[PDB]
There are 2 protein chains.
Amino acid sequence: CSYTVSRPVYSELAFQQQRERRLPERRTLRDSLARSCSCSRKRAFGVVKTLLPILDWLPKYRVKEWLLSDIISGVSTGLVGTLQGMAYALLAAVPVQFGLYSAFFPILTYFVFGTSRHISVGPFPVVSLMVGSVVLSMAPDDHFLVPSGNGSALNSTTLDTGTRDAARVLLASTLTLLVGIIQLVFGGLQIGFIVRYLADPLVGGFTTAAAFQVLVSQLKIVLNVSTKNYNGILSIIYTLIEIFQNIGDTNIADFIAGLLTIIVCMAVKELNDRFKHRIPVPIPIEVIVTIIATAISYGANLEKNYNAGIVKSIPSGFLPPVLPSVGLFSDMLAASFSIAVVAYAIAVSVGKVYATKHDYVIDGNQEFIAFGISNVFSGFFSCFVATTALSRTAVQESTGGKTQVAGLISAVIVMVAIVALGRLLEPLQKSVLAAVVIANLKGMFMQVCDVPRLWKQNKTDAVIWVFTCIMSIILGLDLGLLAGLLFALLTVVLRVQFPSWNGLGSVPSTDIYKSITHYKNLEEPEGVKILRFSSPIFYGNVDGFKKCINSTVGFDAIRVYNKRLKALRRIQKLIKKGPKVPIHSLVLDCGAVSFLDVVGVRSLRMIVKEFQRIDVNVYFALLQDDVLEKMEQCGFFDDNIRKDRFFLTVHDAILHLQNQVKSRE
Amino acid sequence: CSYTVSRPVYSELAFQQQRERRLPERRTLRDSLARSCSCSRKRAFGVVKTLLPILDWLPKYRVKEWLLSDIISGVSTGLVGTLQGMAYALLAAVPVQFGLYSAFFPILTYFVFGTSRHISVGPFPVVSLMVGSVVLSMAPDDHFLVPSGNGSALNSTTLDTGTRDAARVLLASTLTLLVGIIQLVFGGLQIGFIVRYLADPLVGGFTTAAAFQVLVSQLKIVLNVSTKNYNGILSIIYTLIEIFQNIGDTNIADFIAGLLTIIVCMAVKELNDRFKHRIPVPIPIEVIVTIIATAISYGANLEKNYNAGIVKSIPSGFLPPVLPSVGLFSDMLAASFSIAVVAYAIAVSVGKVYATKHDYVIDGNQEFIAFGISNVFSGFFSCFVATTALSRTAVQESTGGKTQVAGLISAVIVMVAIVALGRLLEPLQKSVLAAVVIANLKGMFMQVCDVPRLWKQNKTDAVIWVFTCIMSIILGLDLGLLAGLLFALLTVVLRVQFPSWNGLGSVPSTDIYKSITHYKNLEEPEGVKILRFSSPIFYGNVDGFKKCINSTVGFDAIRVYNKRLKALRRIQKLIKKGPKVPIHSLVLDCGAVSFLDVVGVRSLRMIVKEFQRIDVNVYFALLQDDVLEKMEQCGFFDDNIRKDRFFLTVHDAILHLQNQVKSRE
């Protein structure tokens, strides 16, 4: 209605005197640690309830109706879990037997420590690729050749099919433990802000570029070509050229059968997603395409007749726990930090999506402990890093899921897939398992459709997407993530180093000040020039502030004072023989400043001192309380630069100048 | 006097309608690039005058007294410069003549391209230390041994004093050429903000660590001990331990002479600095101590009698230009970048100091181009990277210097030294030259006295000093600088990621809003809770903003709605059979925001939508125009979230809320 106020001009001291401050809280280091560490039994029950979330949803279960919905989702997710679990094992260069272990043991551990209800912990295509990247680098194929077979001229150094996998499993187990330990450090030290640096364009471009490396890696299994497992700079680029050079040594039985299930699985997935209003339960195309593949491959001897590529290496049994090979963490610490941060990023990403739909809150630090113990327990049973795939997550959710009981039932299907089931999957072609992974790449391949949308939005965030996408292609995949985090943080520094400074003016007959580069009918005070400077001054943008002040006043505070003394020497000699016109004051509207960075405040006092020699006052308008208290501690208020130079609002600074000129001509 | 206003409550649209905006300037790339490149001869003359500043100060000379001032400053600066060059030649592991070379040609090159008047370009202790470090890393001593001399049992692999100096000089010349190329690239691309990242505490800690390493190296040289030129991690600690282990294999005469000249030089420097009011011209302690050392060392055969360490390797002549061995840049690019940036930082610091002391202006890009051309010209004459030492610079300023003519005269001394002066310097002990370097370390060793001062000041900047000082000691010296810049950028990001949020309240009978954690007698509106959030929202501080909102409203917008929906299903079943109390609105005083990082504006819109479901309006107070224009493009103003939700000032929102409560109960 009517916005009218009437108060005196409290600049800095007319308001600080009659306003009593609040005494700050004392540190009291002796008692601070005592009050923090609680001794009551209620705190002991609270830390156990959070650490073990199973004690919350289990007592209040709904066995009446939940048991019917969990038994149907467990057998549905179990069949998809035992297939996607063994399919993702090829991305880690590990035998297909250890892929099923990643779908049974991590579920058992993510039952008494997990804080989610609609998350199916298991393998992941992008995560398994980063695991397989360090296996090929630290244990290539040309490192296990054995001379045996009485060759023609030289020693017969045939392939090492057999004991070669033993070094790959132990290497992947050491990586699994080191990833789990890092996740426990994040949960133990209660540091969760380290994963906030993974922005949406950063994680979006990373998963998009990772889909290309997954497509190239899986295409090698489909085409049945033998590459040289290149790694380093241009890893995906070099291996893509080698694939085109070895096209002649392909297998038509694998390409035709591999491309067939690609079109079938993609069509059924697209048909079921579009016509969702008529069929609520998604058709398990992953399961029906595998059962029919093993049946056809069992009739005709695809291994002998067509010389196809089958598994024929499933022993159908468990294995004793193997202690991790401690001592190889020096050459894997750099890559483990990249795998441990993407396993948690996707865990929270998929978790929060299915959290607002079921209306339940997911703890942040608890997921670090949940997946931390999961990866550690998985390392003792020859498993790789566990995560939650978005496709497998939607299986137990769309079919009907309430708690992790359905996930435990999903582990029973994998349980029988280790002892009894597995012999029937012997003649299954490797191209079939290498095709269900490519079908799930549609979600990440369609993520490129955001670049035209992000360009119309904030352009700096669109560059981060393209930067992370290209950098995670040239210099590997794990190194590209670290190059994306540094580039994303650098973009934040570049946005605060080059602020958006304006020529703030006054709206007639009011007190609201708007920029002069946006509005025309604005009147500036006679002589006074207002300047606003966002992105608080630090050591890097303190030089830009000088160029900012020199551009809004028209002159330079240094060159003007130098020309004054250059002409002053003519005055002291003429008696022996015989610019700064418009700028009267400078009101700095530093209202968007948060910190000081005393390294830069030393030049801030110099600005007030330089303009003081040329009779130009430098006033302040909207300095906050947390900043003014910081200027006093940094040695700014001397005998000449008093607090009266500062003001509370922007209009008080202009009103103080108009009253000073009227009272003093 | 009286601050009174009377205007309607223009929130967002009551002000944007009747206020016509200014049309932004069109891009017009063709005309923009056409208007940028000027064709008139005036712009050509201007850029020629700027690129070659020699054409400016030459026509306005003051020969009458400037001739005498420049000749005396030139002889003094030439003596000081040849002494500092023959001293710093040992820091670069190069023979002593190449120091004199590097003290002659850079001076000639910094005459037609430099834009300063009181800068004596030459060697530098830190730069020479870095050059020597990278030379020892890329060319150790055990890589040149030759088996010759018919030893006792094995081949006599004597030391290679001699032919290895050619390789060392070639490596130093390649390094200097690469540094010059990097500086010319930085100057041509007009990129000057890259050196603004070197804050005052960062460069202070770097200079402190460099002074410590220089002290260690000069103590190694004085004690005449033979180390193993360790490099890498903890190199200074390892070489100090090796020195302490080889104390017995020293020379008592050399150590005594070094300690004596150190004490004498320090005492004379202290006496001249303290009693400056009586003697304006500083006593050249370096010149007299070198003269007396050469006089004493020439009497007795210190090389034969006391087995002292002398130079005896001065050919007293020039050398033809040698083309640099291009191809060794991939293993020294980072070191060259570090050397170039530290040299430019020190040069700009000295220039700004001696320019604000003499009241003249110095350009940045022109100095960059000048030093780049100087290093390039030095690379073609077997010289190392040139800079401006603070001690040598103060000589020509205290003795009286006006233009670079004194610098050109300062090269005449080095000119006659290259040919004639230096044959008498044959029996001079190396410990004497290794002492003035330690004597000049007093300025950098006293820089540690700022840590107690910076701790009372901004503590985050005090940590950067200690972090840079320690990190530039453990992992070399060049790598410590890169670890310091990244640490400073991370500290800047942490200050904008964890803002200082408050509980802003209202002062009675006024319109100024202050924090509630600082003032006691403050009244908040009935139900309304004002919140201020500095450090504008980006992808990393969004969870921080969520936590801040949840802490300032007392509840969580998610848990409240979850409990409401959990209690709602009890209502729909009871008819078949038979928190958010105080918070009325949320005025976000986002006045300290500059950018919004649309990745974060999505979560902001999500927050606004979530609080709408619980009947809690989220209003804005001080959103700038540059932020609203960004939110409009980032898809924020839908059919429901209109612009009326925003306000211009903080009191307007409270007034609108009170009017709505009064008109609608």
# chains A, B, ... in the order shown; residues from 1 in each chain; ligands from 1

call {"tool": "residues_around", "arguments": {"residues": "range 109-126 of chain B", "least_positions_apart": "5", "cutoff": "7 Å", "atoms": "only C-alpha atoms", "output": "CSV table (one decimal) with N, CA and C atoms, in the first residue's frame"}}
result
chain,number,residue,atom,x,y,z
B,51,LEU,N,54.5,0.1,-27.6
B,51,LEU,CA,55.4,-1.1,-27.6
B,51,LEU,C,56.9,-0.7,-27.4
B,52,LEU,N,57.3,0.5,-27.8
B,52,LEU,CA,58.7,1.0,-27.7
B,52,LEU,C,58.6,2.2,-26.8
B,53,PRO,N,58.6,2.1,-25.5
B,53,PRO,CA,58.6,3.3,-24.6
B,53,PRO,C,59.8,4.1,-24.6
B,54,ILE,N,60.9,3.7,-25.4
B,54,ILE,CA,62.1,4.5,-25.4
B,54,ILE,C,61.9,5.8,-26.1
B,85,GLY,N,75.9,-11.0,-10.3
B,85,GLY,CA,75.9,-12.0,-11.4
B,85,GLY,C,77.0,-13.0,-11.1
B,88,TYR,N,75.5,-15.2,-8.3
B,88,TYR,CA,74.4,-16.0,-8.7
B,88,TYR,C,74.7,-17.0,-9.7
B,102,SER,N,74.7,-12.9,-18.5
B,102,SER,CA,73.3,-12.6,-18.1
B,102,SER,C,73.1,-11.2,-17.4
B,103,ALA,N,74.2,-10.6,-17.0
B,103,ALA,CA,74.2,-9.3,-16.4
B,103,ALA,C,74.4,-8.2,-17.4
B,210,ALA,N,62.1,-20.3,-0.8
B,210,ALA,CA,63.2,-20.1,-1.7
B,210,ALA,C,64.5,-19.6,-1.0
B,351,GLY,N,58.5,-3.0,-9.7
B,351,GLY,CA,58.1,-1.8,-10.5
B,351,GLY,C,57.1,-1.0,-9.8
B,354,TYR,N,58.8,0.9,-6.8
B,354,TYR,CA,59.6,2.1,-7.2
B,354,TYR,C,58.9,3.0,-8.1
B,362,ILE,N,53.3,2.3,-14.5
B,362,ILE,CA,54.0,1.3,-15.2
B,362,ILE,C,52.9,0.3,-15.8
B,363,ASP,N,53.0,0.0,-17.1
B,363,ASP,CA,52.1,-0.9,-17.7
B,363,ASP,C,52.5,-2.4,-17.4
B,366,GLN,N,53.2,-4.4,-21.2
B,366,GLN,CA,54.4,-3.9,-21.8
B,366,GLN,C,55.6,-4.5,-21.1
B,367,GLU,N,55.6,-4.5,-19.7
B,367,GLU,CA,56.6,-5.2,-19.0
B,367,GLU,C,56.8,-6.6,-19.3
B,370,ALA,N,58.5,-6.9,-22.6
B,370,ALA,CA,59.9,-6.5,-22.5
B,370,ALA,C,60.7,-7.6,-21.9
B,374,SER,N,63.6,-9.8,-23.6
B,374,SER,CA,64.9,-9.9,-22.9
B,374,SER,C,65.3,-11.4,-22.7
B,386,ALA,N,66.3,-13.5,-16.6
B,386,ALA,CA,66.6,-12.2,-16.0
B,386,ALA,C,65.4,-11.6,-15.2
B,387,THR,N,65.7,-11.0,-14.1
B,387,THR,CA,64.7,-10.3,-13.3
B,387,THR,C,65.3,-9.1,-12.7
B,388,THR,N,64.6,-8.5,-11.7
B,388,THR,CA,65.1,-7.3,-11.0
B,388,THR,C,65.2,-7.6,-9.5
B,389,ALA,N,66.4,-7.7,-9.0
B,389,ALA,CA,66.6,-7.9,-7.6
B,389,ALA,C,66.3,-6.6,-6.8
B,392,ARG,N,69.7,-4.9,-5.7
B,392,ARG,CA,70.4,-4.2,-6.8
B,392,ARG,C,69.5,-3.0,-7.3
B,393,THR,N,68.2,-3.1,-7.3
B,393,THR,CA,67.3,-2.0,-7.7
B,393,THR,C,67.4,-0.8,-6.8
B,397,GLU,N,68.4,3.6,-7.2
B,397,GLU,CA,67.4,4.5,-6.8
B,397,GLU,C,67.9,5.4,-5.6
B,401,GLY,N,68.6,8.0,-9.7
B,401,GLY,CA,68.3,7.5,-11.0
B,401,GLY,C,67.0,8.1,-11.6
B,402,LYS,N,67.1,8.5,-12.8
B,402,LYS,CA,66.0,9.1,-13.5
B,402,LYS,C,65.4,8.3,-14.7
B,403,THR,N,66.3,7.9,-15.6
B,403,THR,CA,65.9,7.1,-16.7
B,403,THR,C,66.7,5.9,-16.8
B,404,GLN,N,66.5,5.1,-17.9
B,404,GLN,CA,67.3,3.9,-18.2
B,404,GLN,C,68.7,4.2,-18.7
B,407,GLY,N,71.0,2.6,-16.5
B,407,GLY,CA,71.1,1.2,-16.8
B,407,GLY,C,72.0,0.9,-17.9

call {"tool": "residues_around", "arguments": {"residues": "range 628-645 of chain A", "least_positions_apart": "2", "cutoff": "8 Å", "atoms": "only C-alpha atoms", "output": "ChimeraX atom specification"}}
result
/A:11-13,596,598,601,605,618-620,623-626,647 /B:456-458

call {"tool": "write_last_selection", "arguments": {"atoms": "N, CA and C atoms", "output": "CSV table (one decimal), in the first residue's frame"}}
result
chain,number,residue,atom,x,y,z
A,11,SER,N,24.5,6.6,9.6
A,11,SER,CA,25.5,6.1,8.6
A,11,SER,C,26.2,4.9,9.1
A,12,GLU,N,27.1,5.0,10.1
A,12,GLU,CA,27.7,3.9,10.7
A,12,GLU,C,27.7,4.0,12.3
A,13,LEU,N,27.9,5.2,12.8
A,13,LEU,CA,28.1,5.4,14.2
A,13,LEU,C,26.8,5.9,14.9
A,596,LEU,N,36.3,-10.7,2.9
A,596,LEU,CA,37.3,-9.5,2.7
A,596,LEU,C,38.5,-9.9,2.0
A,598,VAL,N,41.9,-10.0,3.2
A,598,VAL,CA,42.8,-8.9,3.7
A,598,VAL,C,43.9,-8.6,2.7
A,601,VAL,N,42.1,-6.2,0.9
A,601,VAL,CA,41.6,-5.0,1.6
A,601,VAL,C,42.8,-4.0,1.8
A,605,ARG,N,42.0,0.1,1.2
A,605,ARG,CA,42.4,1.3,1.9
A,605,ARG,C,43.3,2.2,1.1
A,618,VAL,N,35.5,8.6,-0.9
A,618,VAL,CA,35.1,7.3,-1.3
A,618,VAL,C,34.2,6.7,-0.2
A,619,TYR,N,32.9,6.8,-0.4
A,619,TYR,CA,31.9,6.3,0.6
A,619,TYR,C,31.5,4.9,0.3
A,620,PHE,N,30.9,4.3,1.3
A,620,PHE,CA,30.4,2.9,1.2
A,620,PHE,C,28.9,2.9,1.5
A,623,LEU,N,27.6,-2.1,3.2
A,623,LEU,CA,28.6,-3.1,3.8
A,623,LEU,C,27.9,-3.8,5.0
A,624,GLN,N,28.0,-5.1,4.9
A,624,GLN,CA,27.3,-5.9,5.9
A,624,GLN,C,28.0,-5.9,7.3
A,625,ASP,N,27.4,-6.5,8.3
A,625,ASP,CA,28.0,-6.4,9.6
A,625,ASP,C,29.2,-7.4,9.7
A,626,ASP,N,29.1,-8.6,9.1
A,626,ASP,CA,30.2,-9.5,9.1
A,626,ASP,C,31.4,-9.0,8.4
A,647,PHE,N,28.2,3.9,5.4
A,647,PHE,CA,26.7,4.2,5.5
A,647,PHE,C,26.0,2.8,5.6
B,456,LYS,N,45.8,-12.6,13.5
B,456,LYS,CA,44.8,-11.7,14.0
B,456,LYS,C,43.9,-11.1,12.9
B,457,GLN,N,44.5,-11.0,11.7
B,457,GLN,CA,43.7,-10.7,10.5
B,457,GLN,C,43.0,-11.9,10.0
B,458,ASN,N,42.5,-11.9,8.7
B,458,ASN,CA,41.8,-13.0,8.1
B,458,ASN,C,42.6,-14.3,8.2

call {"tool": "interface_residues", "arguments": {"of": "chain B", "to": "chain A", "cutoff": "6 Å", "atoms": "only C-alpha atoms", "output": "ChimeraX atom specification"}}
result
/B:2-9,21-22,196-197,199,359,457,518-520,534,539-540,562,592,594,633-634

call {"tool": "residues_around", "arguments": {"residues": "residue 471 in chain A", "least_positions_apart": "3", "cutoff": "8 Å", "atoms": "only C-alpha atoms", "output": "PDB file with N, CA, C and O atoms, in the first residue's frame"}}
result
ATOM      1  N   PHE A 467      33.165 -29.560 -21.911  1.00  0.00           N
ATOM      2  CA  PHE A 467      34.536 -29.748 -21.448  1.00  0.00           C
ATOM      3  C   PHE A 467      34.708 -31.117 -20.801  1.00  0.00           C
ATOM      4  O   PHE A 467      35.655 -31.849 -21.111  1.00  0.00           O
ATOM      5  N   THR A 468      33.797 -31.478 -19.895  1.00  0.00           N
ATOM      6  CA  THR A 468      33.875 -32.783 -19.248  1.00  0.00           C
ATOM      7  C   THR A 468      33.657 -33.915 -20.243  1.00  0.00           C
ATOM      8  O   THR A 468      34.275 -34.978 -20.114  1.00  0.00           O
ATOM      9  N   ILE A 474      39.547 -37.846 -24.346  1.00  0.00           N
ATOM     10  CA  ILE A 474      40.942 -37.773 -24.770  1.00  0.00           C
ATOM     11  C   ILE A 474      41.844 -38.473 -23.760  1.00  0.00           C
ATOM     12  O   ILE A 474      42.536 -39.444 -24.087  1.00  0.00           O
ATOM     13  N   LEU A 475      41.849 -37.992 -22.517  1.00  0.00           N
ATOM     14  CA  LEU A 475      42.735 -38.524 -21.481  1.00  0.00           C
ATOM     15  C   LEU A 475      41.934 -39.450 -20.569  1.00  0.00           C
ATOM     16  O   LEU A 475      41.522 -39.087 -19.467  1.00  0.00           O
ATOM     17  N   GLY A 480      39.636 -37.841 -16.707  1.00  0.00           N
ATOM     18  CA  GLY A 480      38.755 -36.792 -17.186  1.00  0.00           C
ATOM     19  C   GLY A 480      37.830 -36.257 -16.114  1.00  0.00           C
ATOM     20  O   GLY A 480      37.416 -35.095 -16.170  1.00  0.00           O
ATOM     21  N   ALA A 483      39.801 -33.780 -14.150  1.00  0.00           N
ATOM     22  CA  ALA A 483      39.914 -32.593 -14.986  1.00  0.00           C
ATOM     23  C   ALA A 483      38.598 -31.837 -15.089  1.00  0.00           C
ATOM     24  O   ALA A 483      38.603 -30.653 -15.441  1.00  0.00           O
ATOM     25  N   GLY A 484      37.477 -32.489 -14.792  1.00  0.00           N
ATOM     26  CA  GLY A 484      36.190 -31.827 -14.796  1.00  0.00           C
ATOM     27  C   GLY A 484      35.903 -31.128 -13.485  1.00  0.00           C
ATOM     28  O   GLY A 484      35.299 -30.052 -13.465  1.00  0.00           O
TER      29      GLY A 484
END

call {"tool": "atom_distance", "arguments": {"atom1": "CA of residue 69 in chain A", "atom2": "CA of residue 394 in chain A"}}
result
14.6 Å

call {"tool": "select_by_dssp", "arguments": {"residues": "range 424-656 of chain B", "states": "helix (DSSP H, G or I)", "output": "ChimeraX atom specification"}}
result
/B:430-439,442-456,459-474,478-497,542-553,557-577,599-613,625-633,643-645,650-656

call {"tool": "residues_around", "arguments": {"residues": "residue 98 in chain A", "least_positions_apart": "5", "cutoff": "8 Å", "atoms": "only C-alpha atoms", "output": "short mmCIF file (atom, residue, chain, number, x, y, z; two decimals) with N, CA, C and O atoms, in the first residue's frame"}}
result
data_model
loop_
_atom_site.label_atom_id
_atom_site.label_comp_id
_atom_site.auth_asym_id
_atom_site.auth_seq_id
_atom_site.Cartn_x
_atom_site.Cartn_y
_atom_site.Cartn_z
N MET A 86 26.04 -60.54 -14.56
CA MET A 86 27.03 -61.27 -15.33
C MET A 86 27.39 -60.57 -16.64
O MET A 86 28.47 -60.82 -17.18
N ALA A 89 30.11 -57.97 -15.97
CA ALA A 89 31.40 -58.55 -15.61
C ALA A 89 32.39 -58.48 -16.77
O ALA A 89 33.60 -58.46 -16.55
N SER A 382 35.76 -61.69 -3.75
CA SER A 382 36.12 -61.52 -5.16
C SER A 382 34.98 -60.86 -5.95
O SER A 382 34.39 -61.44 -6.86
N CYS A 383 34.68 -59.62 -5.58
CA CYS A 383 33.67 -58.81 -6.24
C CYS A 383 34.27 -57.46 -6.60
O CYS A 383 35.33 -57.07 -6.10
#

call {"tool": "closest_residue", "arguments": {"among": "A:348, A:240, A:434, A:287", "to": "residue 310 in chain A", "atoms": "only C-alpha atoms"}}
result
A:434

call {"tool": "closest_residue", "arguments": {"among": "A:364, A:232, A:204, A:427", "to": "residue 311 in chain A", "atoms": "only C-alpha atoms"}}
result
A:427

call {"tool": "select_by_dssp", "arguments": {"residues": "range 106-154 of chain A", "states": "strand (DSSP E)", "output": "PDB file with C-alpha atoms, in the first residue's frame"}}
result
ATOM      1  CA  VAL A 121      22.601 -52.576  -5.101  1.00  0.00           C
ATOM      2  CA  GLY A 122      24.733 -54.343  -7.687  1.00  0.00           C
ATOM      3  CA  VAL A 146      53.808 -68.382 -21.841  1.00  0.00           C
ATOM      4  CA  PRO A 147      56.110 -70.032 -24.432  1.00  0.00           C
TER       5      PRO A 147
END

call {"tool": "residues_around", "arguments": {"residues": "residue 77 in chain A", "least_positions_apart": "3", "cutoff": "6 Å", "atoms": "only C-alpha atoms", "output": "PyMOL selection string"}}
result
chain A and resi 73-74+80-81+395-396+410

call {"tool": "write_last_selection", "arguments": {"atoms": "C-alpha atoms", "output": "compact mmCIF listing (two decimals), in the first residue's frame"}}
result
# COMPACT_ATOMS: atom_id res chain seq x y z
CA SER A 73 9.42 -58.07 -7.22
CA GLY A 74 12.23 -60.22 -5.82
CA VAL A 80 17.29 -59.16 -14.22
CA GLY A 81 20.01 -58.95 -11.57
CA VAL A 395 12.45 -53.16 -12.00
CA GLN A 396 11.71 -53.55 -8.28
CA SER A 410 16.21 -60.76 -5.34

call {"tool": "atom_distance", "arguments": {"atom1": "CA of residue 139 in chain B", "atom2": "CA of residue 152 in chain B"}}
result
28.4 Å

call {"tool": "atom_distance", "arguments": {"atom1": "CA of residue 557 in chain A", "atom2": "CA of residue 390 in chain B"}}
result
26.3 Å

call {"tool": "closest_residue", "arguments": {"among": "A:431, A:50, A:224, A:294", "to": "residue 258 in chain A", "atoms": "only C-alpha atoms"}}
result
A:431

call {"tool": "closest_residue", "arguments": {"among": "A:137, A:365, A:213, A:40", "to": "residue 335 in chain A", "atoms": "only C-alpha atoms"}}
result
A:137

call {"tool": "residues_around", "arguments": {"residues": "residue 166 in chain B", "least_positions_apart": "4", "cutoff": "12 Å", "atoms": "only C-alpha atoms", "output": "JSON, numbers by chain"}}
result
{"B": [93, 94, 95, 98, 139, 144, 160, 161, 162, 170, 171, 172, 173, 322, 325, 382]}

call {"tool": "write_last_selection", "arguments": {"atoms": "C-alpha atoms", "output": "PDB file, in the first residue's frame"}}
result
ATOM      1  CA  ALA B  93      75.403 -24.578 -11.704  1.00  0.00           C
ATOM      2  CA  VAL B  94      76.880 -22.626 -14.639  1.00  0.00           C
ATOM      3  CA  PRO B  95      80.396 -21.128 -14.890  1.00  0.00           C
ATOM      4  CA  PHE B  98      77.691 -16.756 -17.924  1.00  0.00           C
ATOM      5  CA  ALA B 139      71.447 -33.136 -15.861  1.00  0.00           C
ATOM      6  CA  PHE B 144      78.936 -37.225 -16.969  1.00  0.00           C
ATOM      7  CA  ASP B 160      83.955 -34.338 -15.224  1.00  0.00           C
ATOM      8  CA  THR B 161      84.770 -30.733 -14.291  1.00  0.00           C
ATOM      9  CA  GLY B 162      84.851 -29.282 -17.783  1.00  0.00           C
ATOM     10  CA  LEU B 170      72.847 -25.489 -23.283  1.00  0.00           C
ATOM     11  CA  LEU B 171      70.138 -26.697 -20.896  1.00  0.00           C
ATOM     12  CA  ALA B 172      70.004 -23.308 -19.160  1.00  0.00           C
ATOM     13  CA  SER B 173      69.754 -21.564 -22.538  1.00  0.00           C
ATOM     14  CA  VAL B 322      74.521 -20.598 -29.985  1.00  0.00           C
ATOM     15  CA  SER B 325      68.603 -27.208 -28.542  1.00  0.00           C
ATOM     16  CA  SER B 382      74.109 -18.373 -23.149  1.00  0.00           C
TER      17      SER B 382
END
